[PDB]
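Student: For reference, the structure I am asking about is given below.
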Amino acid sequence: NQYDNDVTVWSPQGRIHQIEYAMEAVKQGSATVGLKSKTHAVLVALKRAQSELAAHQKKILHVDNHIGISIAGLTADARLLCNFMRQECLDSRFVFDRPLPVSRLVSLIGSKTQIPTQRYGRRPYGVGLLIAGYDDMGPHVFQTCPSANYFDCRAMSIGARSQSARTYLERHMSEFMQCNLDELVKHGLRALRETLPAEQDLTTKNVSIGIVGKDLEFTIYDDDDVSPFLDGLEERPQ
Amino acid sequence: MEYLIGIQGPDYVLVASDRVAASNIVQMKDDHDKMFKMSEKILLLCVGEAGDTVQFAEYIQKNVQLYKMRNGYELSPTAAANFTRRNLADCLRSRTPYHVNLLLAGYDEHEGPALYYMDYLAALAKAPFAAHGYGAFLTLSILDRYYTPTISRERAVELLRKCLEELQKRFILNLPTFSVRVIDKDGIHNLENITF
Amino acid sequence: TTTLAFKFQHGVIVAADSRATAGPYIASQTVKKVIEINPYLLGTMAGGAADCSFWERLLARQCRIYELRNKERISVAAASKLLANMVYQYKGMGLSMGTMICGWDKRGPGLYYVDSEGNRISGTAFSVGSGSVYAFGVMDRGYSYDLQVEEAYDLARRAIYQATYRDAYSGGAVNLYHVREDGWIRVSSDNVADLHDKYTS
Amino acid sequence: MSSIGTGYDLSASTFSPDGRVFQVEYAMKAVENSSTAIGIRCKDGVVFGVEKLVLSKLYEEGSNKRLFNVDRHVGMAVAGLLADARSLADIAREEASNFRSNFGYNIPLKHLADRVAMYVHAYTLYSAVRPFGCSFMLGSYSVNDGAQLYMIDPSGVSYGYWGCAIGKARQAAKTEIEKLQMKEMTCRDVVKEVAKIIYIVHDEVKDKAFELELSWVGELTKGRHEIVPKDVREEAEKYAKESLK
Amino acid sequence: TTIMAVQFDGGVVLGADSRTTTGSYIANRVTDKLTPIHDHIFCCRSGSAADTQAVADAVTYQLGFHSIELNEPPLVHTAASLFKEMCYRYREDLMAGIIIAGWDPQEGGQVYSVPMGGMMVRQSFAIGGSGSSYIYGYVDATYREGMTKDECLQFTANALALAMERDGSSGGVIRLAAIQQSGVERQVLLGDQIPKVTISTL
Amino acid sequence: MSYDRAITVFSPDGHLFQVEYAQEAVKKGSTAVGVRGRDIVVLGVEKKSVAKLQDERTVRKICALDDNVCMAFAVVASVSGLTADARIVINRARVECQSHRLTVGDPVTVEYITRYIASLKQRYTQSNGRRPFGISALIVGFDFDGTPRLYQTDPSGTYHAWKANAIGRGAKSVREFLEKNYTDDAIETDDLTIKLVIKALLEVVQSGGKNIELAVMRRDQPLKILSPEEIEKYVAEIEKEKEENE
Amino acid sequence: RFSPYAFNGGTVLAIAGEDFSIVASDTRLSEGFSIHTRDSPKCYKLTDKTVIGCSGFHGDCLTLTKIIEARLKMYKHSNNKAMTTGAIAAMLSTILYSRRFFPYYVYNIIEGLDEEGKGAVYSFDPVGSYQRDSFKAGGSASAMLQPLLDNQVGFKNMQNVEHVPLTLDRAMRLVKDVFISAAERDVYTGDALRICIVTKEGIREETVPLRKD
Amino acid sequence: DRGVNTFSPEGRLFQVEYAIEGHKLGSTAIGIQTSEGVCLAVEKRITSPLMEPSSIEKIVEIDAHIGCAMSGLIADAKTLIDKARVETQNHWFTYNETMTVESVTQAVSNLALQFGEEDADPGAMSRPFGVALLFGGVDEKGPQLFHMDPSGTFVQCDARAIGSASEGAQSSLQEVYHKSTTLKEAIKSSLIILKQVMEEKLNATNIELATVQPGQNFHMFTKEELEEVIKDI
Amino acid sequence: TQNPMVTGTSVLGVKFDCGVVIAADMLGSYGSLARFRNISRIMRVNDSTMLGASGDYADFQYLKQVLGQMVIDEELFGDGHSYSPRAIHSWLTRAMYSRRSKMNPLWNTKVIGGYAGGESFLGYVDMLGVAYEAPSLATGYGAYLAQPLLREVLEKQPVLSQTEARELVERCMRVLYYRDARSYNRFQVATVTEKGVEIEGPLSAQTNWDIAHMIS
């Protein structure tokens, strides 16, 4: 029309159209399930490669060994948010000497995301991050969007074909919370496999897991221990 | 500092200069197989003496400056201009961590006037003159340099004058030295004169 | 022509000599001190004088040679690497810096060997030493000095100089480090133990 | 307004023939589209109430924060688009945070409302940044004025209110507040009543469920600003559902 | 340097102020009036060294000057007292005299605060600080009885100021008085030569 | 100071607008030829339009960045590109040239200076509020082993070593023709290197042997800028030799 | 050594001796200042993660700052590289802080013990006056010579023509650690109270207190 | 008008979309990673062999154990690689290990997109890069090859080709290369594809070869070795 | 022993850890040099929602801490479902401030005791005017560390019985002895008892000041 010609120009929709374009970038991006227990927070992500003669690479990017992110959208844009996040963890360690409170940590990102949305025609960052963090309050799995608004979710799944993954989170909504850490990663791969059709099913190559928590640093398993978790199928009947 | 010698006596167009070979750091002469008389251009010489280490530092700073001005002119340097600019640059650099506290000697061939020799102190005071001396040696040399020409030099008397001074510098003043470079520069080619 | 860093070039090849010992007086804490730094074969450096100042300028130089080499692809000038480092050293004073390093590396005219100070000296000589103990070293080396010395005379000349040095000014200990740059690519000869050198001379 | 093809509604350093920027007005529609925030001034404190829409059944309270605690005695309840609400929250927090720390007393609201509205308005003036399409309230308990509630519109106009509602049914909510006396009533009773207005606004044939966030700054908490205690919160919602029917 | 005492009353407040500022030996200033204002209801007195104190007063006065306009009603006393303190913790090597903050706030109308050279802000029934007041520093606390009345307090602030002047060589002898109320600040200058000064040792 | 909105932006055309305008602006220009000798490395430009009422001083396309490095710029276009634009690329390289010269103890590596040149014209393309220059430059100098080089950049910063390269009048047209001209027996003495530069320039010059401006540079001695009267004498010798060939 | 100053130690001499698969790290327990012990537990060893533990001695504000630089950089190295951080790198982060101070050196003395990416365990000592080396034995502190001379004899066997106390093992190495912290307390009274034994292997670090002299 | 900084009605950024197509005008990068080294082949992109191959650079050493071959918009690439050299070396300098191919790749990917004519200054971008890089080197774990593109995606590669036809360069790879194969075949497998992706001939002055191998730094191929490999098609 | 700053001090810090509570005794007066200008003093603050701090020694570091705590509490309030702040997070942040406070001439001393119990960790942290912080069980710095600390460590030492009541009686005895031994001390004091749920205590308390050297 002429109300998305910049992001300064307001829409008579109540939300600028340009904010909503940014939401499609994240949907077009990788299926990701993010769930938490009451000790650990787990990020299950789906890898993708840009060639046939290439071995798929993590869509879990490290913020640090205590707060970590999973990308849904552009890899570059996720990394751009990441660098700021990495700095905060580097300062948290100086000032507090604890893992930075996750809710605090998400609001500072939100402040940054807020800024191009204010500027003339400039791009809101078209990544959604599922942020897994462990602080003194407990584990937190947050949903961050292309707006400045963050949701604190029990379990949320964002990206492509994520509704089938989302009905799984609903079914075992109470279960994640009580469970042991190995099981928390197991429901995530079961949920993540639900996005894919009955035909297409998760294998060790395309599975990336980010586990953070009370007892341990952020570790990425790309074929490190993906396998025992991968075990048992349960897909959505399409 | 408070080591290292220079003397220059300007002639009819010639200028004869000598300085000792010897760069001593600590207690011993670190380099001696290099000379520290620099060609900043092929018409201009700076011979720096004081701190053995400090000479290269000053030379390089001038080397970029002298060329930037050359650009500006887009024709060869002017002697008047070289004394004042090098003086300003060096008094400001003395305070700087990249210091200067050298008694330098400008030899240039001037596009109009002719031969020019430019005096510089450690304190760094610019003067064109035709009877001047440098380094720790400047206190020692300058009255003598006042006396022996009438206006400017004559090379034969100068030669005798120079050999006589070079025994004195080793004798009274203390350098590590065992060779000296003696040079006359006519303004377009470097000539080697003999060591005593 | 001073301390435990010395390098002189000869007609067979080149010798590099260093100690690995630290602690004037009873005080000591470093026994495998790497005064001749060389993580790569392309450039070599030496320390001298003050412990902190050598190490600091040379780790900055460490980064600096690697960067030149990367940018040209082939290895650059020994002079350019060393001189970029010299501009930093003069400016570096005001930290109680008093760096006295000898820069060695391969230049296009041939081997280049240049003398570095914290007050910005740069002169090319056949022989350089940084510090205060090679003031002692110049008497036995100079007396016998030829620049066409045998590879074998030079190894024996270095070995003996540390042993005699230990006797004369104490400070050597643990290991004697010997390095030879032969052609234009360097090799570390041997990290020969102190106790052996004492007997030989 | 106008829908000129160069400027006026496409810029906001440009005034219309009458003197108005169309860009702030388009933003003013945005508060109307989502759920209400009610906030009434007492004289022992202020009671705020924002209904947070349960969009997803896999959310927990603290998600899509419409209720911020500005300081330890200042609240902010917003209505409209949550991204512009966040910015407004950040500025408010820093402005309140410097005043308690430095001065050592509670902030008189009327100045604060004027400053924040100055911030909103300064951005409207500019064409390089946008008008804020949120309407928000600030509420505080003070020892210089007692309770104060001010409501600042997406235009940067500040007025004080005995009792406000900004949201998708202002007319129905304001009127219910008018009927009741809550203007100088005790904070405890008010908690129940603010929730009950939220119940009228909400529809079970336009919404599924909401999660009540109320905020205290009043006599229970002894003037400390905390988001509603779980027991109290529930009690107030319980009353809201029961009393309609 | 000066002689300052300010006493808190259960009524409201009373001030007492110098007549001379003295340097090293010579008297710099021969007629003294101190009312640096941060607000029109709250005032401060610059006690001890004039300079050290005045610069603290002045930075504090600029923030409070801003503040009174801003709020719409004038500031509270406690706001001014935190600001006087805020400067003084930093510049404690460059100021170490005494700041005497006294007046009316809006939260009670009855506050006297002392920000000291070693820092602390506390409320006390009487305080004396400056040159000659230090002599009588323990004493000004001693002379009253807690929670005294407005009339009795007025005679005591006059009488203790005379006794401090007698005691140090930083004061003169003229008692400049200031009675602070809801009203405003009203100041009276009670002469000296005629009334009796406290006894002097043989 | 710089423009808040960018002059250069990625838009759909394959490159960028300002690169695209910039390739046009050295294409439509006049000939600037540089031949690499074994004595002196010599650069020359087709046009200055000299007519004896004016004298060249800094007016030259050929400007020496360094004691052994020089570059000749062809900003030059349909209606003439800008000496104003060239001078910025010149100022920034010259300071850098002298700093490297200080650092290396033998004549400055051309390589550094050309790589540098390429980045200077590119950094403006990424910088806010800026755009790249519409010049093509013949970066010439001698290495630290004394190896003569003739390098070229285009407007956006891309660099190659070349034996001989010619730019402007269609860059591709003239440079393929300079290969034909070029001999290795015609660079063996100082006058023969200079004769190869001039033959490419004569092709379509208006009032030749006056407009033709070429400067010589020595091993570490400064640039010697030749006046067009002195250049004219060589131009006559070749212009007759050339006639003889057809 | 240490005395009252304005920031000063109170126990801790950091020792590490490497075998070639283990490094046994010993540090004294106590929080000290003045000329008295504030509290018995808790040493000036602080672990960056658990792979590597650095012990800094003297002015304790400085000790709190050292650990944070070395651990922050481990985390940057992990994110990008996708491998563990080596000793040599954590040690460098620590250098830049150490080199800073030289007109009057830093009043902290660091010894970082870990394994670097060579597959074997390494002990690096940087000095607060700054110079650094890899060693097979090391005593670190400003009473550095006292654990150091035992480690030089026992693992390295310098000058010995028939003495190596017992065969080189992890347990042997541990026996020697406990005995030295006790022994020093008689001659030098600046180290006392309890012994912290940390064992560094491929398992990582486990810490253990033992009461003593 | 509106920006290139705005979203399209597709819900994707306009400027990033344009950048990939821009790559296709220029040079190729073929990197084949074998367990005996990582090889990089790139075209000099000549107009004549009378263009000296003395110091045409397009495969440049980032570190002395990591090399990089560039593809796409050649001009934009020259500044990206120069920059890449200092950052890798700051990392080499601090850690004092041999850099991993994956660490260099991640680091350069955030610089790709910082674009915008607001929230950027002269040292920051106002356009996205359209340079796709192939970083090839040997680390402690062993030989790895990483592909970087303008969208910041980093991926592990055993054979990756991007070029004048990115699509074209890749389709040939499947056909020639096979997972476990010798170094000597790996170099050859690049010369057969190299032609396919170029529209230009096989000349020794038109290809450039570099190998980074265990125990062995980045090596630049000379005219004789450039010919050995041309022989191998 | 190590002297506090010789201007305005609040003095005396006991701190010992008991079974889920810590007990602390603090002078409640304000000596300016040694003269007890203001004999009632506020030095006990609520650091965070369930954490508390009380400090002894130089006042300028306490006055810094007022500003610092206000911001720390305010930011935590914003989430409004807290985090349950542990002691450590604040203490290190307080550390940075105390570092600055040392730098003033004749260096300022502070010893602070933080107590919280959050997560399932009991953290008791001590802050020095040096900027030194650590988890501990008994602490003293400055002059306390030479002389009252001794009375505490030894009473604890026979039979280790760490109770709030035992510390309470010890504190009453302690006040007559501190007034006697220390010259910046008085007998008007505040007793602070800290917990994992907030700060519990009154302000002013008074008990015996008896001289034991004139009877004997």
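Going through the structure tokens in order, the chains are called A, B, and so on, while each chain numbers its residues from 1 and the ligands are numbered from 1 in the order shown.
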Please give the complete set of residues from region 47-137 of chain B that DSSP, run on the backbone, assigns to strand (DSSP E), formatted as a list in words.
Tutor: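 In region 47-137 of chain B, DSSP puts these residues in strand (DSSP E): residues 47, 48, 49, 103, 104, 105, 106, 107, 108, 109, 115, 116, 117, 118, 119, 127, 128, 132, 133, 134 and 135 of chain B.
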Student: Put those residues in a file: N, CA and C atoms, as a tab-separated table (two decimals), in the first residue's frame.
Tutor:
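Generated output (result_12.tsv):
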```tsv
chain	number	residue	atom	x	y	z
B	47	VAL	N	72.42	15.10	9.06
B	47	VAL	CA	73.41	14.32	9.87
B	47	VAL	C	73.00	14.58	11.26
B	48	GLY	N	72.47	13.58	12.01
B	48	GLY	CA	71.98	13.79	13.30
B	48	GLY	C	72.92	13.23	14.28
B	49	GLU	N	73.18	13.86	15.44
B	49	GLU	CA	74.08	13.45	16.47
B	49	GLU	C	73.58	14.06	17.76
B	103	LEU	N	71.22	17.43	17.97
B	103	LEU	CA	71.74	18.55	17.30
B	103	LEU	C	71.95	18.05	15.88
B	104	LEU	N	71.09	18.59	14.94
B	104	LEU	CA	71.01	18.13	13.57
B	104	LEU	C	71.68	19.10	12.70
B	105	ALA	N	72.03	18.70	11.51
B	105	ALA	CA	72.72	19.43	10.52
B	105	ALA	C	72.10	19.19	9.16
B	106	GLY	N	71.49	20.34	8.61
B	106	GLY	CA	70.95	20.46	7.35
B	106	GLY	C	71.97	20.93	6.40
B	107	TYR	N	72.09	20.19	5.34
B	107	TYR	CA	72.86	20.55	4.17
B	107	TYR	C	71.85	20.43	3.10
B	108	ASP	N	71.78	21.49	2.24
B	108	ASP	CA	70.81	21.49	1.16
B	108	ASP	C	71.48	22.30	0.14
B	109	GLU	N	71.05	22.15	-1.15
B	109	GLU	CA	71.44	22.98	-2.25
B	109	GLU	C	70.22	23.80	-2.56
B	115	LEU	N	74.46	27.30	-1.90
B	115	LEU	CA	74.79	26.35	-0.78
B	115	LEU	C	74.17	26.96	0.50
B	116	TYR	N	73.65	26.13	1.43
B	116	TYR	CA	73.00	26.62	2.61
B	116	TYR	C	73.32	25.57	3.63
B	117	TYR	N	73.58	26.01	4.86
B	117	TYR	CA	73.81	25.12	5.92
B	117	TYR	C	73.00	25.66	7.00
B	118	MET	N	72.30	24.74	7.76
B	118	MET	CA	71.31	25.22	8.69
B	118	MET	C	71.62	24.59	9.99
B	119	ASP	N	71.63	25.42	11.08
B	119	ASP	CA	72.05	25.07	12.39
B	119	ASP	C	70.82	24.65	13.17
B	127	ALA	N	68.79	28.55	12.74
B	127	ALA	CA	69.55	29.58	12.19
B	127	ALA	C	70.25	29.22	10.96
B	128	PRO	N	70.19	29.97	9.86
B	128	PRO	CA	71.14	29.74	8.81
B	128	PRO	C	72.49	30.37	9.24
B	132	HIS	N	79.42	26.61	12.04
B	132	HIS	CA	78.60	25.95	13.04
B	132	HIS	C	79.05	24.55	13.29
B	133	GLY	N	78.79	24.03	14.53
B	133	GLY	CA	79.16	22.70	14.96
B	133	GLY	C	78.12	22.02	15.73
B	134	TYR	N	78.15	20.67	15.76
B	134	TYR	CA	77.05	19.87	16.31
B	134	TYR	C	77.45	18.79	17.39
B	135	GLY	N	76.50	18.38	18.23
B	135	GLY	CA	76.56	17.24	19.16
B	135	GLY	C	77.00	17.76	20.54
```
Student: What's the 9 Å shell around residue 56 (chain E), counting only C-alpha atoms, without same-chain residues fewer than 3 positions away, as an MDAnalysis selection string?
Tutor: chainID E and resid 51:53 59:61 84:85 87:88 91 95 99
Student: Could those residues be written to a file, using C-alpha atoms, as an mmCIF file, in the first residue's frame?
Tutor:
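The result, stored in part-v9.cif:
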```
data_model
loop_
_atom_site.group_PDB
_atom_site.id
_atom_site.type_symbol
_atom_site.label_atom_id
_atom_site.label_comp_id
_atom_site.auth_asym_id
_atom_site.auth_seq_id
_atom_site.Cartn_x
_atom_site.Cartn_y
_atom_site.Cartn_z
ATOM 1 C CA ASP E 51 35.245 27.646 49.396
ATOM 2 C CA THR E 52 35.018 23.900 50.037
ATOM 3 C CA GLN E 53 31.557 24.190 51.289
ATOM 4 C CA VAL E 59 26.458 21.897 42.434
ATOM 5 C CA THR E 60 23.638 20.763 44.827
ATOM 6 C CA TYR E 61 21.803 24.096 44.217
ATOM 7 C CA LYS E 84 24.769 17.558 49.396
ATOM 8 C CA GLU E 85 26.082 14.188 50.445
ATOM 9 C CA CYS E 87 29.150 15.492 45.950
ATOM 10 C CA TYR E 88 30.910 15.339 49.266
ATOM 11 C CA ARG E 91 35.346 15.373 46.748
ATOM 12 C CA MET E 95 36.232 19.370 51.049
ATOM 13 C CA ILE E 99 27.615 21.563 55.478
#
```
Student: Could you list, with a cut-off of 10 Å and counting only C-alpha atoms, the residues of chain C near chain F, each shown with its nearest atom pair and the distance in Å rounded to one decimal, rows sorted by chain and ascending number, as a Markdown table?
Tutor:
```
| residue | atom | partner | partner_atom | distance |
| --- | --- | --- | --- | --- |
| C:68 | CA | F:112 | CA | 9.7 |
| C:71 | CA | F:112 | CA | 8.2 |
| C:72 | CA | F:112 | CA | 7.4 |
| C:76 | CA | F:144 | CA | 9.1 |
| C:77 | CA | F:104 | CA | 6.5 |
| C:78 | CA | F:104 | CA | 7.8 |
| C:79 | CA | F:104 | CA | 5.0 |
| C:80 | CA | F:104 | CA | 4.2 |
| C:81 | CA | F:103 | CA | 7.2 |
| C:82 | CA | F:103 | CA | 7.6 |
| C:83 | CA | F:103 | CA | 4.8 |
| C:84 | CA | F:103 | CA | 5.9 |
| C:85 | CA | F:103 | CA | 9.2 |
| C:86 | CA | F:103 | CA | 9.0 |
| C:87 | CA | F:103 | CA | 9.1 |
| C:107 | CA | F:144 | CA | 8.4 |
| C:108 | CA | F:145 | CA | 5.5 |
| C:109 | CA | F:145 | CA | 6.5 |
| C:110 | CA | F:145 | CA | 9.8 |
| C:112 | CA | F:105 | CA | 9.8 |
```
Student: Can you tell me how far CA of residue 153 (chain G) sits from CA of residue 4 (chain C), in Å to one decimal?
Tutor: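 Between CA of residue 153 (chain G) and CA of residue 4 (chain C) the gap works out to 26.2 Å.
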Student: Which residue gives the smallest distance to residue 203 (chain I) among I:116, I:127, I:189, I:138, with only C-alpha atoms counted?
Tutor: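 Nearest candidate to residue 203 (chain I) out of I:116, I:127, I:189, I:138: I:189.
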Student: In Å to one decimal, how far is CA of residue 131 (chain C) from CA of residue 89 (chain C)?
Tutor: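 Going from CA of residue 89 (chain C) over to CA of residue 131 (chain C) covers 16.2 Å.
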Student: If you measure from CA of residue 174 (chain F) to CA of residue 33 (chain F), what distance in Å do you get, rounded to one decimal?
Tutor: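 These atoms are spaced 8.3 Å apart.
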Student: Tell me the residues of chain B close to chain F, meaning within 8 Å using only C-alpha atoms, as a ChimeraX atom specification.
Tutor: /B:42,60,64,74
Student: Could you list the residues in chain C lying within 9 Å of chain G, using only C-alpha atoms, and format the result as a list in words?
Tutor: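 Per the criterion, chain C yields residues 26, 27, 28, 29, 30, 31, 32, 33, 34, 51, 52, 53, 54, 55, 56, 94, 95, 96, 97, 174 and 195 of chain C.
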Student: I'd like to know which of D:223, D:167, D:7, D:75 is closest to residue 48 (chain D), using only C-alpha atoms.
Tutor: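 The shortest atom-to-atom distance to residue 48 (chain D) comes from D:75.
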Student: What lies within 12 Å of region 204-214 of chain I using only C-alpha atoms, ignoring chain neighbours under 3 positions off, as a ChimeraX atom specification?
Tutor: /I:25-29,39-44,169,171-182,185-192,201
Student: For the residues in the current selection, export N, CA and C atoms as a compact mmCIF listing (two decimals), in the first residue's frame.
Tutor:
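Writing done, so here's out30.txt:
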```txt
# COMPACT_ATOMS: atom_id res chain seq x y z
N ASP I 25 26.55 -7.95 64.75
CA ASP I 25 26.47 -6.89 65.75
C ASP I 25 27.28 -5.82 65.17
N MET I 26 26.69 -4.62 65.24
CA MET I 26 27.22 -3.44 64.51
C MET I 26 27.14 -2.33 65.50
N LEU I 27 28.15 -1.36 65.49
CA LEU I 27 27.97 -0.17 66.34
C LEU I 27 26.87 0.60 65.67
N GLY I 28 26.05 1.19 66.54
CA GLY I 28 24.99 2.03 66.13
C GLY I 28 25.36 3.49 66.23
N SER I 29 26.60 3.83 66.60
CA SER I 29 26.97 5.21 66.64
C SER I 29 27.87 5.59 65.48
N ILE I 39 25.02 9.65 67.88
CA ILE I 39 25.19 8.39 68.58
C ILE I 39 24.15 7.35 68.14
N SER I 40 23.23 7.75 67.28
CA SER I 40 22.37 6.83 66.58
C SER I 40 22.68 7.00 65.10
N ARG I 41 22.74 5.83 64.41
CA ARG I 41 23.25 5.72 63.10
C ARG I 41 22.52 4.70 62.34
N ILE I 42 22.34 4.86 61.03
CA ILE I 42 21.71 3.90 60.20
C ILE I 42 22.84 3.36 59.37
N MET I 43 23.09 2.03 59.39
CA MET I 43 24.11 1.38 58.63
C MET I 43 23.63 0.07 58.07
N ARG I 44 22.39 -0.37 58.45
CA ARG I 44 21.76 -1.59 58.05
C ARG I 44 20.78 -1.19 56.94
N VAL I 169 23.56 -13.87 73.16
CA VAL I 169 24.10 -13.66 74.49
C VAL I 169 25.50 -13.17 74.40
N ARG I 171 26.86 -11.38 72.00
CA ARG I 171 26.74 -10.01 71.60
C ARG I 171 26.45 -9.06 72.73
N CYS I 172 25.63 -9.51 73.75
CA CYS I 172 25.40 -8.66 74.89
C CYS I 172 26.62 -8.42 75.72
N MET I 173 27.49 -9.48 75.89
CA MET I 173 28.74 -9.47 76.66
C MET I 173 29.72 -8.57 75.95
N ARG I 174 29.66 -8.66 74.65
CA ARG I 174 30.61 -8.12 73.69
C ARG I 174 30.60 -6.66 73.72
N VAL I 175 29.36 -6.03 73.86
CA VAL I 175 29.24 -4.63 73.86
C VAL I 175 30.05 -3.89 74.98
N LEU I 176 30.08 -4.47 76.28
CA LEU I 176 30.83 -3.89 77.40
C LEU I 176 32.23 -3.98 77.12
N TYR I 177 32.77 -5.10 76.56
CA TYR I 177 34.14 -5.32 76.17
C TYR I 177 34.55 -4.52 75.03
N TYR I 178 33.81 -4.27 73.97
CA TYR I 178 34.22 -3.40 72.86
C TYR I 178 34.31 -1.98 73.21
N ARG I 179 33.35 -1.48 74.11
CA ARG I 179 33.40 -0.13 74.49
C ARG I 179 34.76 0.18 75.22
N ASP I 180 35.19 -0.81 76.07
CA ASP I 180 36.40 -0.83 76.85
C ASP I 180 37.62 -0.90 75.93
N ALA I 181 37.67 -1.80 74.93
CA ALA I 181 38.88 -2.03 74.11
C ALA I 181 39.05 -1.02 72.97
N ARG I 182 37.94 -0.62 72.29
CA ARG I 182 38.01 0.18 71.15
C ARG I 182 37.60 1.58 71.51
N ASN I 185 34.21 3.17 69.41
CA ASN I 185 33.11 2.45 69.82
C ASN I 185 32.38 3.12 70.96
N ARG I 186 31.10 2.76 71.08
CA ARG I 186 30.22 3.10 72.08
C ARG I 186 29.38 1.87 72.39
N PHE I 187 28.44 2.05 73.27
CA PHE I 187 27.60 0.96 73.70
C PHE I 187 26.21 0.94 73.13
N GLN I 188 25.83 2.10 72.41
CA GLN I 188 24.55 2.19 71.68
C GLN I 188 24.74 1.52 70.36
N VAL I 189 24.06 0.32 70.21
CA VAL I 189 24.31 -0.55 69.07
C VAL I 189 23.07 -1.10 68.46
N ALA I 190 23.26 -1.59 67.24
CA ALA I 190 22.19 -2.21 66.50
C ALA I 190 22.61 -3.72 66.38
N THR I 191 21.63 -4.62 66.58
CA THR I 191 21.78 -6.02 66.39
C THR I 191 20.97 -6.43 65.17
N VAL I 192 21.65 -7.01 64.21
CA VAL I 192 21.16 -7.43 62.99
C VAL I 192 21.24 -8.91 62.86
N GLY I 201 15.63 -7.26 62.21
CA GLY I 201 16.22 -6.56 63.31
C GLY I 201 15.62 -5.18 63.55
```
Student: Near residue 155 (chain A), within 6 Å and counting only C-alpha atoms, which residues show up once chain neighbours fewer than 2 positions away are dropped, as a PyMOL selection string?
Tutor: chain A and resi 34-35+153
Student: Limited to C-alpha atoms, could you put the picked residues into a file as a PDB file, in the first residue's frame?
Tutor:
```
ATOM      1  CA  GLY A  34      12.410 -25.219  22.750  1.00  0.00           C
ATOM      2  CA  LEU A  35      11.286 -26.887  26.101  1.00  0.00           C
ATOM      3  CA  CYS A 153       6.835 -19.940  27.326  1.00  0.00           C
TER       4      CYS A 153
END
```
Student: Taking only C-alpha atoms into account, name the residue in A:49, A:44, A:7, A:100 that is nearest to chain I.
Tutor: A:100
Student: Excluding same-chain residues fewer than 4 positions from residue 153 (chain C), what lies within 12 Å of it counting only C-alpha atoms, as a list in words?
Tutor: residues 10, 11, 12, 13, 15, 141, 144, 145, 146, 147, 148, 149, 157, 158, 159 and 160 of chain C
Student: Can you tell me which residues surround residue 197 (chain A) at a distance of at most 9 Å, considering only C-alpha atoms, apart from same-chain residues fewer than 3 positions away, and format the answer as a ChimeraX atom specification?
Tutor: /A:193-194,200-201,235-238
